[PDB]
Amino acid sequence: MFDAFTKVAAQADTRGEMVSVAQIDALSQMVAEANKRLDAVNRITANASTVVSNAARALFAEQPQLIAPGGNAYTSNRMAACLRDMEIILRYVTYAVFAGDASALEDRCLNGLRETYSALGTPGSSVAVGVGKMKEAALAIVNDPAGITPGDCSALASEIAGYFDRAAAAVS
């Protein structure tokens, strides 16, 4: 896996160069907003189970054929596994945010997922909707002005949105 720094250091090394005054600057900036990023991570994390559960509930209401007997989330075995996935996807998206790089998510989580689902008979488009619901609630939770130093978090939010978006994209 790369982190935001390490990603750049990897690209530099295959060129044989030292990072450019330009690109140290870009990173130096990313360092200044460190604090926001961490709040993002703490806020999503400190709400993991509300984020997941609420999202799963809203998915099943929306799509009852999933929990109807014979649908892919019928049976405790499966219900649990489906919750478990939601949570994982969320866990991995937080890592991505913490590290400022999509790799910890692409590599250890999204990659090959599409074919796992396809082979099991899990409907991906459904997982996506679930992931999408988590995205929304996560975002709301980070952007809430209550209890924190006021500032612009809009860039961060756009980034976080990205990570969710590719999790979803990776299962359609």
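Each residue number is its position in the shown sequence, starting from 1.
- Higher mean CA B-factor, judged across 122-130 and 38-46 from the recorded values: 122-130.
- When the mean C-alpha temperature factors of 17-25 and 152-160 are read from the deposited coordinates, 17-25 comes out higher.
- Across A140, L105, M30, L59, the entry's maximum B-factor at the CA atom is seen for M30.
- In this PDB entry, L113 carries a Cα temperature factor that places it within the highest third of its chain's modelled residues.
- When the CA B factors of the chain's modelled residues are split into thirds, the value for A4 lands in the middle one.
- Residue-level temperature factors show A146 in the highest third of its chain, judged at the C-alpha atom.
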